[PDB]
């Protein structure tokens, strides 16, 4: 049982290096991770380190790492260490990167068996995962925007259908609930449902569809919010609800479709049976899993034709159905081009922070800070109040709060000031998911249907990592295949520590500017007016 150290006592030579060690450990905290005993944090086999030997080597390196040194991590394995500068990142990570022609699961697995690979997902291998909260606001905003577009600005009296109650998928129920809606989420592993119930991310659970629908109608009628976890296999249940004529307003999905071998259970198999299918006949498992997802998607399309609003929530499931012959698998859009992109054009993203002290008092303090720095932003305050009331901390106390260009720097510098004066009991790590305004290229998700068709351009993601290393981040990462699977994405991550020092003030101002700035210029280059405007408004250099 691994968990981040608490307090002000260090195990490393400096706070910046201790921050890495604590966040690495926090990623594997039983309250945080989905299956830490196997180093799995979330999203299928998204791991924190290659294996246990690698894990322990990183810990040792981190404790002896000097203030002007940089540790190199290659797919969860510490592979080198060189002298740099106090302003350079303490750690540099490159996880799951494969030459394009070999960027598929088949080759990944071949390298994995040889002990040469690890799947870092986005925040799993870059140590900045904060439990189900990380994606919460992202999922909340997506549904909130969908609400304003089709239901008058609220999901009150509407029923949402989805599946997948894992680390990140588990945030779907609370997201719909916070928007005042009713939701039924299908999950095939009761253990997963319990995790969501225990952590307050889902209200109820049931194994019978009849009971689920009765609760949903009752809540929809009384116009009250309600989350219901339905035990079953979505590929099957969705068709049952479909052929029963149930009225479903919104349909999406978040099973780990990006990984046919691990993330999706084939219809007709119990978990035990599926486990054996997976172990004994892996290739059979995949063929059957793919067939199930094709069927799962046919059901989503049927709902869309029936009138419900349907969208892909970034698990690449549409691609899987497409690959099986479903020519119209992409008849419904991805949540980014449909609901979130405008937020990116303002430099907004899943910006977040964690209190190394371990004391929630620090998070509450940063929460009040937000209101002090942005007194006129009603929505921001509404979000913080919801967060404080409905989110239960996991591992080190943390906060998800989408801030845009400028707002990030301002918050980061303020946080560092409170760490220095002591209002914040210990240093705080500032980070984000790799899904952000200027850190990722992913044709089936974040960069789906860019107005200029630059969907596949991966230069920006690479530039994001390069500039943030130059700007002075604490640890920078470059991953491949996060979210959508092998061959479908390239993205970067950035974490900077606010230890209260003057050095941090310098680095924070720089990197908290470059990171979101990157997002503004990428969208300005694509021709998004709001982004072009933000550039002029906050003096973001756009050469041409």
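Numbering follows the first chain given and starts at 1.
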### Message
Going by the mean C-alpha B-factor recorded in the entry, which is higher: 520 to 528 or 6 to 14?
### Response
6 to 14
### Message
Can you tell me whether 482 to 490 has a higher mean C-alpha B factor than 502 to 510 in this record, or the other way round?
### Response
502 to 510
### Query
For the listed residues 250, 144, 449, 261, which one has the largest C-alpha B-factor as given in the deposited model?
144
## Note on the structure
Highest CA B factor of 217, 187, 433, 459, as deposited, is found at 217
### Task
Please place residue 76 in the lowest, middle or highest third of its chain by C-alpha B factor as given in the entry.
middle
### Relative C-alpha B-factor of residue 384, binned into the chain's lowest, middle or highest third
highest
### Summary
So, residue 353's CA B-factor, relative to its chain, sits in which third? The lowest
### Query
Hey, what third does residue 59 fall into on Cα B-factor, ranked over its chain?
middle
### Chain third (lowest, middle, highest) by recorded CA B-factor, residue given as residue 19
lowest
